[PDB]
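Consider the single chain below, provided in structure tokens and representing the form deposited in one PDB entry.
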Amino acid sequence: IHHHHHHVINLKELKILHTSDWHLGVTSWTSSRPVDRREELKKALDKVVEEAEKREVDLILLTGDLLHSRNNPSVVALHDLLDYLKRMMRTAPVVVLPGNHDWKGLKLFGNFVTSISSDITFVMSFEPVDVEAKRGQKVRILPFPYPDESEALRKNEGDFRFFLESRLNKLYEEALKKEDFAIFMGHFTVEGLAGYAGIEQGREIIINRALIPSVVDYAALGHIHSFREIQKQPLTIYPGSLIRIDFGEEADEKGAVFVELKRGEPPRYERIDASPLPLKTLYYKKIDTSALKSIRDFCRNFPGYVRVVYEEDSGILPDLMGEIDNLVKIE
């Protein structure tokens, strides 16, 4: 046949796959028992990609931290990224909103790649971009990346906040000039999140959810590891990551989201579960004979990774990480 976009008259529906926060390249628990997450992660992504193909989505949105390493991603990590980007592009046009990147290689790459292809678009600034979806639908993208110099501008909280708000107002106005659909994409922490917020060791951008341009058909967010449905109008969602990165994500649901839009109807979505490996934390006062029994018994047939937390030493610990290959941390 052909392998370009279709052009359907008066089509007022849009099918979206939104995934985020891949963290390609991650090795977890390096201080206790390093575990390369690559194999588990690629399984999840395959599942997401296969779902996309089955649902014949029209557009694929990628937000958040696709690479784990801020400034120095490994070659393997890069190769997996570009590999998965190609696979999606074979399914549907892809729009990518990069996370908090350091290396300048990305911006030149993203622009060049966007200039030469009609199936991937990198949105690296605050400028809106119109894109064409799989069946010819015109989609206006309103991007909200991490601001480059303003976080380091050291401008007071007041002026910085006003900068952000004025940026959102601009996006609001640009969304009103929409042909067909408009989608917001952002990479920041929604104000008053509980409890994926209050994360440390990273410079944070807090945005009140009311300030997300209310006239968009969908608000695709990334940066947060847990799936959250922030609000219904405009439908605003963090997909979450695809694997449980660390033990604070034990109780999380991981996957991507499928979203359907129809002009005269309200937006509907289904979660696509990545069904990643489970995590479990076991708690004890001391590692006594009872605790050893409990640990050994639990880990025995548990398919995922296990952390043990305890308060006090009480003699020489047996080589538990030896007998139990599942146990990745005893602090």
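Each form is matched to the other, and the largest set of C-alpha atoms that superpose within 1.5 Å is called the rigid core. Numbers for residues come from their place in the sequence shown, where the first is 1.
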| property | result |
| --- | --- |
| Mean Cα B-factor comparison, 197 to 205 or 137 to 145, giving the higher one as deposited | 197 to 205 |
| Between the two ranges 150 to 158 and 181 to 189, the one averaging a larger CA B factor in the entry | 150 to 158 |
| Identity of residue with top Cα B-factor, from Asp252, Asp246, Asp83, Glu132 | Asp252 |
| Member of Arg38, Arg70, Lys47, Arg33 with the greatest C-alpha B factor (per the PDB record) | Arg70 |
| Cα B factor band for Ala175 (lowest, middle or highest third within the chain) | lowest |
| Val215 - which third its CA temperature factor falls in, relative to the rest of the chain | highest |
| B-factor third for the C-alpha atom of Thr63 within its chain | middle |
| Ranked C-alpha temperature factor of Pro128 among modelled chain residues, by third | middle |
| Chain third (lowest, middle, highest) by recorded CA B-factor, residue given as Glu311 | middle |
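Quick note: we don't show the form deposited in another entry, though the next part is all about it.
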query	finding
Core-fitted Cα difference of 2 Å or more between this form and the one not shown, single residue among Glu165, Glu127, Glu151, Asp130	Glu151
Rigid-core frame, C-alpha of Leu176, shift of 2 angstroms or more between this form and the one not shown	no
Flag for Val215, CA shift 2 Å or larger between this form and the one not shown after aligning core	no
Threshold 2 Å Cα movement between this form and the one not shown for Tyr196, core superposed	yes
Direction of the Cα shift between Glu151 and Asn71 in that other deposited form, where the change is 3 Å or more	closer
Cα-Cα shift for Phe163 and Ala197, closer or farther in that other deposited form, minimum 3 Å	farther
